[PDB]
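Protein chains in written order, with PDB author numbering: chain C, 1 to 385; chain N, 1 to 385; chain E, 31 to 92; chain I, 5 to 58; chain D, 261 to 309; chain V, 11 to 61; chain G, 2 to 127; chain R, 2 to 127.
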Ligand SMILES: CCCCCCCCCCC(=O)OC[C@H](COP(=O)(O)OC[C@H](O)COP(=O)(O)OC[C@@H](COC(=O)CC)OC(=O)CCC)OC(=O)CCCCCCCC
Ligand SMILES: CCCCCCCCCCC(=O)OC[C@H](COP(=O)(O)OC[C@H](O)COP(=O)(O)OC[C@@H](COC(=O)CC)OC(=O)CCC)OC(=O)CCCCCCCC
Ligand SMILES: CCCCCCCCCCCCCCCCCC(=O)OC[C@H](COP(=O)(O)OCCN)OC(=O)CCCCCCCCCCCCC
Ligand code: HEM
Ligand code: HEM
Ligand code: HEM
Ligand code: HEM
Ligand SMILES: COc1c(O)c(C)c(C/C=C(/C)CC/C=C(\C)CC/C=C(\C)CC/C=C(\C)CC/C=C(\C)CCC=C(C)C)c(O)c1OC
Ligand SMILES: COc1c(O)c(C)c(C/C=C(\C)CC/C=C(\C)CC/C=C(/C)CC/C=C(/C)CC/C=C(\C)CCC=C(C)C)c(O)c1OC
Ligand SMILES: CCCCCCCCCCCCCCC(=O)OCCCOP(=O)(O)OC[C@@H](O)COP(=O)(O)OCCCOC(C)=O
Ligand SMILES: CCCCCCCCCCCCCCC(=O)O[C@H](COC(=O)CCCCCCCCCCCC)COP(=O)(O)O
Ligand SMILES: CCCCCCCCCCCCCCCCCC(=O)O[C@H](COC(=O)CCCCCC)COP(=O)(O)OCCN
Ligand SMILES: CCCCCCCCCCCCCCCCCC(=O)O[C@H](COC(=O)CCCCCC)COP(=O)(O)OCCN
Ligand SMILES: Cc1cc(C)c2nc(SCc3c(C)cccc3-n3nnn(C)c3=O)sc2c1
Ligand SMILES: Cc1cc(C)c2nc(SCc3c(C)cccc3-n3nnn(C)c3=O)sc2c1
């Protein structure tokens, strides 16, 4: 055997990105998982260089971000990459998870692959919250106030959890010095969950857009899917260039260029655009205990999808009723994001109430009724009885 | 098969710490590698809790360590553990590497195991330097001055490397803000080199104090070497208790309780005790280019030991001339550490000059001459000719 | 039919199959896509190591 | 001939893609730091530091 | 204050990368020419098989 | 029969050499790529006759 | 996972009913053509997932003249997908040859699994 | 990795020399007893590392009556080490049975390896 399959470490490289048997049929949607390995390298590398010029005290926090942008050599290149790159991290991950429930890979034998992916999505939301509180702008103070006040609704436990989460009695100086130290660590826990995520893929491989088995026609990774990889990696860094150099402040709020003040309140407190559909679900339940339960049990409703699909065919390729309800779930996640950036008014409280019910009727009422009607309609359309 | 050898992740736990075939003959020196997995967990965990109350600016650095020690609840427990624990990290690692060149495990087929271990020892010295510069005491200023001034001796490159390492023209405020951000990262690179270190052990296993093969008499890991493990783990945390609660400042310098001043110089600038033998090698060469080459090519002289042993028996158990020269190398590393805490005087410059030659005559002149004399003396003592 | 009767590939085939025709134009393009990826990758590693130099308000106190 | 000139030799195919990239950055930076200037004239600092000569 | 410097380095990268992206579509569809034109034919085996 | 090799197969004496004079013209040429932007000993590069 | 036994229990009840099988059978026919699996050269029993220990049993018991012709319909469909075209209308499965060749082998591998568990959870008394 | 060809080349030259073998042979005898490998019930050829493709050849060619008695001397020594005692003086190898049983099989596996490389790096001319 060759040296690349004889060495201890090179055979790990050879079994994953050189001679891994891939199906012959996969299209450009199987590339979004490769961009996320580049997206995570960019956000870690640009952040270690920006951590050399940062001060996490509450009286120095909104001056070390400006010292980076005005005094550090090419410091505006570092920040604008680490603020438009995290919004590029999320647009790929919304398209990664949406593919995997179209082709329906969550099924057997890939259920551990789907369960370690839900843990990554929880830890990714938590870093983008903890790092947006490190700028200490005006949106960065009243966003940490509203979220940490929810943990007082836990009965007999509440006001001893918030006072441990705050280090005081409000969003003080120990609140900002502990949020930076947790912002350095959870990106290193995500990287150890991606290594466990790739292990569960090596024992079963990828699926295909047909759904059926693909052990009859396979192609190695080298010279075909590496040169199919670089088509989208050069497209990724080209639209990551048209933002960092031409419109570097479109995906952001102007109120974050005012230093945070615990005495004047803004006219609107709205999140960054990728936490907006989860914001309208919290505001739709008129109780601060049943509102914090509902928003946490909306990322954890993905785990009931392996047990709720009643069909015998994998993937929504030849399913024409299970395809009409995939595109109702997509434009409902967009209407939920729009309402989380509105005012609490009429009718944006009844619209955010109906549309947070369609988020839950999909995984529990719409999937098992339609994936059972199709099993009978594939049967009585063929069997002559 | 059982569930522990059927699961994806549990069979990784089962192949390493449950059913790994161990020799029946190993003694209590094969436990030092297990303490270092606990030593690295302690230093990471106590440091993330101390990073919530720390400010890395040069005017706030010698007041956030004191705010921890008098205001933080049990903050003196956190610091004294993270300052006596790092000196416990090194006493085990000096005894780990000394076992592996007694039994002589560096030999074939374990040479990648010895080469990834030298990389860990370089990255461990670098963290203890970068974190001792974060207190910003008086030893913490003049220790970073002396070391970073050595990189100006590189011809045509020097004064553009130090000015990039300093961020200015001396040990300024950007020097302390970049040394903390690199102190958080290199402990996470050591942990990824320990995972690669365990992989190269799983394919060949451990050695034994006899040297000969041990595939004829083996014992699993569970119930024998786990209950032999806990004898030394309870002894480790008991002497880590008699320091953190009874003599918490014996392994340290009192000059680090003065804030650092770039205008008054101390009467003696000496390192922490585990960098002392490497300090006497730098001071022994009267040139700042041939002194920085010699001290870096004294951690990298371990890589020539697989190519310099000429014997046919593995390990110094039945070798009585190769045992007398192992204990000359031990007490020479102690005399080198003593001289690195002395004054530059007579005769502590000729004593540190001879004893840094015996550090190099061992790996290159003493090993191959004595490991060849023994091969003939095991032959003509038996063969009747 | 038989396995000694290959199907027609003349709908996709070239009309003059000189060997050096496609051996030159397939090394000019892989040559050009390893030239911009060598100059467009030295400039990125250099931007990240220019930030660790002396800051603009440190050069004013020179 | 043409294929065996500089495409057969990888030591050239690693060399010339590196050697060509050294002169690529300099004929191309100068070419665009003369198009940016000529597109925007009368709005630079060197232009308005010549009508304040009085 | 970086506004004129930023838009000048904003042509060094969008000219390199938009050309580097156009080459990877030629290069990919050259090495993917054999797989897209393979033929298949089924002669069913003798009726013992 | 009893001729030149040790651990290397020395029949590649100059069957390894003149092309790594050109890989040495491709790796020291690789150091003619990353030395940019670092105007410290790039006086050893910027004396060429064009541009 | 909706058991063929249960699919055939519901499916036979619609086919026996003369008033239900004038409502569901035209909807069952437009659902087949809009699926479009025949244009890729596949019958319906090719589409079934085979990663459970009942479909692995029903594939071994299949005769070898049918086991060889099914491995070619799968490979011919992976190549029609890659070129993004469709097969010609001379290589489409018609409405007469799309029959269940795997349903007899499936329904008896299930009924033998619903006897091994009924005989291991049993409350016989004296 | 010194080679027994080279060990035996130097070793025979001392044994043939009558004035050198009154200096080195008593030093060779005190070095054996101070090694102490006989007290653990082992001959010297047990101690040799076997993780190279020459010692793996010389162990296959060994006769099976000697290959079984050597697997017991190793196991009896792993148990004497674990209990931290020594074997009794009735189970120590004496100074007559410590003979090289593996050196004939070693010296011919090396001389056949110093002909396969001499015949592959060769400069024959016409
Ligand atoms: C933040 C974003 C960062 C950048 C990441 C981009 C994400 C891309 C994800 C979209 C995707 O992957 O869907 C693929 C879809 C067609 O599906 P397919 O794989 O079956 O067709 C392969 C083709 O026939 C062969 O494509 P071929 O290899 O022949 O040429 C490549 C093509 C573009 O290459 C790409 O990378 C496309 C993404 O070159 C050109 O067209 C020349 C243009 C001058 O391609 C499409 O055009 C559909 C567009 C609709 C998707 C919108 C979703 C956005 C929310
Ligand atoms: C700051 C670092 C603290 C870290 C924790 C302590 C590190 C311990 C490192 C020392 C070591 O590992 O050497 C072990 C060696 C034992 O030799 P052996 O395995 O052949 O015999 C096993 C026995 O017969 C059965 O021992 P048994 O299991 O029957 O009894 C328990 C044992 C205590 O267990 C231990 O952990 C001992 C280390 O009882 C004792 O032996 C009394 C000792 C207090 O002991 C010796 O030979 C003594 C050599 C002196 C060590 C010098 C170290 C210089 C720094
Ligand atoms: C925890 C909560 C989970 C939330 C995750 C939900 C996130 C939703 C965000 C929308 C982005 C995802 C878009 C859909 C991507 C997955 C769809 C897919 O994998 O492919 C489906 C379909 C493929 O069709 P074919 O290529 O196979 O057609 C060939 C005919 N045989 O592909 C197509 O037909 C192309 C259709 C493109 C639809 C575009 C909709 C995207 C709208 C984005 C709006 C952005 C606003 C910011
Ligand atoms: C998965 C990885 C990461 C994500 C998604 C992420 C995300 C973010 C986001 C969205 C911001 C707010 C940017 C703004 O609006 O100004 C931010 C700020 C920040 N992050 Fe990251 N980050 C990641 C990793 C890291 C790491 C590892 C560090 C290590 C030092 C880091 C350092 C910082 C710093 C210093 C800020 C300060 C504010 C600023 O400079 O803009 N980040 N992070
Ligand atoms: C940093 C985050 C992630 C990384 C690096 C990553 C990486 C990958 C990669 C490389 C693949 C290979 C197939 C492909 O390229 O499409 C894959 C597949 C998959 N991922 Fe992820 N992923 C991430 C996040 C997620 C999340 C958040 C989920 C689900 C909630 C998820 C679920 C899956 C599933 C089900 C598959 C299998 C798809 C299939 O084989 O058909 N992943 N992932
Ligand atoms: C291999 C791991 C580590 C080693 C060997 C190590 C070593 C050290 C040492 C020797 C000191 C000086 C203690 C003193 O004399 O006061 C120190 C200081 C410090 N280290 Fe660690 N460290 C490690 C990991 C970490 C990590 C991962 C962090 C960050 C989460 C950290 C945070 C700190 C902090 C904040 C100080 C400040 C000074 C103090 O509080 O004493 N350390 N480190
Ligand atoms: C954080 C640092 C380290 C960790 C966690 C670690 C871990 C381990 C463990 C668990 C073992 C097996 C148990 C044992 O043999 O005692 C081992 C063996 C070994 N280690 Fe380390 N080690 C570290 C540092 C080093 C260093 C610095 C070196 C050499 C310079 C080294 C060289 C070796 C060798 C050669 C062995 C094999 C010994 C044998 O099997 O006889 N290790 N290591
Ligand atoms: C030869 O046979 C053997 C053998 O003899 C032995 C002893 C062992 C066991 C020895 C070991 C040293 C165990 C292995 C070591 C590790 C797994 C260590 C690596 C792991 C880490 C360093 C983990 C680091 C810790 C963290 C990342 C925790 C982070 C802290 C957090 C999250 C707290 C902050 C949270 C809040 C809310 C503030 C073997 O595995 C083995 O088989 C090879
Ligand atoms: C489906 O087939 C595929 C497949 O398509 C792909 C793409 C891959 C490739 C795998 C990936 C893309 C996974 C991605 C892996 C990661 C994202 C891990 C990277 C994690 C990190 C933490 C890297 C960052 C490390 C650092 C040390 C940061 C650098 C900081 C530095 C150098 C400090 C700078 C300061 C100084 C002084 C130098 C496969 O393995 C695979 O087979 C399964
Ligand atoms: C009581 C004791 C304490 C308790 C301890 C618990 C149990 C202890 C056991 C320790 C377990 C250690 C086992 C090591 C391990 O986890 O193996 C690695 C996992 C396999 O997955 P992977 O291949 O690394 O991931 C997948 C990776 O191999 C992906 O690699 P790729 O990205 O393809 O290549 C790198 C990029 C190169 O790219 C280029 C440059 O071309
Ligand atoms: C780890 C990498 C993270 C950064 C990649 C993010 C890409 C998207 C934003 C572009 C940032 C580039 C900043 C511009 C710059 O610094 O140089 C700019 C211009 O340089 C360029 O045009 C290079 C553009 C091509 C970059 C993408 C090609 C990738 C090739 C492989 C890279 C692997 C290491 C300064 O030019 P200068 O040479 O005069 O100093
Ligand atoms: C799971 C997370 C851990 C982090 C990633 C795990 C590893 C992923 C791949 C990383 C790249 C590794 C490629 C290195 C290839 C080097 C070849 C080699 O190992 O030769 C080794 C010697 O390497 C060393 O001395 C130590 C190198 C340290 C490597 C540190 C990066 C010899 O190879 P070998 O002895 O098997 O050849 C015999 C052929 N008959
Ligand atoms: C971390 C560095 C990487 C180095 C190698 C990784 C070492 C492995 C660490 C040991 C993990 C031990 C896991 C044993 C339990 C796994 C059971 C299981 O197969 O779960 C699988 C999937 O669940 C998971 O993803 C848990 C993954 C554990 C990861 C922890 C965050 C079965 O899931 P479950 O039994 O709960 O049934 C489904 C009902 N939701
Ligand atoms: C599970 C989970 C965890 C967290 C932590 C979380 N957080 C939010 S919303 C925070 C917010 C508000 C309410 C208002 C303005 C700005 C921000 N804000 N804070 N960070 N970022 C990126 C923001 O947009 S939902 C959510 C869900
Ligand atoms: C390879 C390498 C790297 C480094 C970085 C290194 N450093 C030293 S000595 C530093 C020192 C001095 C000279 C004087 C006082 C105190 C400290 N000092 N600094 N940190 N620590 C723990 C100390 O004792 S040798 C060495 C070798």
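Just so you know, even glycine gets a beta-carbon here, dropped at the ideal spot from N, CA and C.
Legend entry - For residue 218 of chain C: DSSP bridge partner residues: Note: residue 218 of chain C sits in a beta bridge opposite C:23.
Legend entry - residue 404 of chain C Cβ short of 8 Å to ligand 3 heavy atom set: It is not possible to answer for residue 404 of chain C, since the shown part of chain C is limited to 1 through 385.
Legend entry - Proximal residues to residue 78 of chain G (C-beta, below 6 Å), its chain only, five neighbours per side dropped: Around residue 78 of chain G: 41, 42, 43.
Inset, instruction - Report the three-state DSSP secondary structure of residue 135 of chain N (helix, strand or coil). - result: Coil, per DSSP.
Legend entry - Distance between residue 324 of chain C and residue 270 of chain C (C-alpha atoms, nearest Å): It is roughly 32 Å from the alpha-carbon of residue 270 of chain C to the alpha-carbon of residue 324 of chain C.
Inset, instruction - Per DSSP, which residues does residue 313 of chain N bridge with? Please list them. - result: Paired residue(s): R:49.
Legend entry - 9 Å Cβ cutoff, residue 56 of chain E in contact with chain C: No, its Cβ sits nowhere closer than 9 Å to a Cβ of chain C.
Inset, instruction - Tell me the start and end of each unbroken beta strand (DSSP E) in the segment 57–97 of chain G that is at least 3 residues and wholly inside, in chain order. - result: You should have found no qualifying run.
Inset, instruction - With a floor of 4 residues, list each alpha helix (DSSP H) that falls wholly inside the segment 306–356 of chain C, ordered by position along the chain. - result: Fully enclosed alpha helix (DSSP H) runs of 4 or longer: 326–339, 351–354.
Legend entry - Backbone secondary structure at residue 187 of chain N - three-state DSSP: DSSP places residue 187 of chain N in helix when its eight states are reduced to three.
Legend entry - Sheet register partners of residue 155 of chain N (DSSP bridge): Paired residue(s): none; residue 155 of chain N is not in a bridge.
Inset, instruction - List the endpoints of the continuous alpha helix (DSSP H) containing residue 16 of chain C. - result: Element bounds for residue 16 of chain C: 10–17.
Legend entry - Bridge partners - residue 259 of chain C, DSSP secondary structure assignment: Answer by DSSP bridge pairing, in chain order: C:137.
Inset, instruction - Indicate whether at least one CB of chain C lies closer than 9 Å to the CB of residue 73 of chain E. - result: No, residue 73 of chain E does not count as interfacial toward chain C.
Inset, instruction - My understanding is that residue 221 of chain C touches residue 22 of chain C, with C-beta atoms under 8 Å, so please give their C-beta distance in whole angstroms. - result: With 8 Å as the limit, residue 221 of chain C and residue 22 of chain C qualify as a contact, their Cβ atoms being about 6 Å apart.
Inset, instruction - Could you please tell me which residues of the segment 34–52 of chain V, in chain order, have their CB closer than 8 Å to any CB of chain E? - result: For the segment 34–52 of chain V, the set of residues with a beta-carbon nearer than 8 Å to any beta-carbon of chain E comprises 43, 44, 46, 47, 48, in chain order.
Legend entry - Among R:73, R:100, R:101, nearest to residue 215 of chain N - alpha-carbon criterion: The candidate whose alpha carbon is nearest that of residue 215 of chain N is R:73.
Legend entry - First and last residue of the uninterrupted alpha helix (DSSP H) at residue 10 of chain I: Under the DSSP assignment, residue 10 of chain I falls in the alpha helix (DSSP H) whose first and last residues are 7–10.
Legend entry - ligand 7 heavy atom lying under 8 Å from the CB of residue 29 of chain C: Checking every heavy atom of ligand 7 against the Cβ of residue 29 of chain C, none is found closer than 8 Å.
Inset, instruction - Indicate, with yes or no, if ligand 6 has a heavy atom lying under 8 Å from the CB of residue 138 of chain N. - result: For residue 138 of chain N, the distance from the CB to the nearest heavy atom of ligand 6 is not below 8 Å.
Legend entry - Other residues of its chain near residue 65 of chain R: CB distance less than 8 Å, five sequence neighbours each side excluded: There are no such residues.
Legend entry - Cutoff 9 Å: residue 48 of chain E Cβ touching any chain I Cβ: No, its Cβ sits nowhere closer than 9 Å to a Cβ of chain I.
Legend entry - Candidates E:90, E:85, E:89, of which the one nearest residue 74 of chain C by Cα: Check the Cα spacing between residue 74 of chain C and each of E:90, E:85, E:89: the tightest is with E:85.
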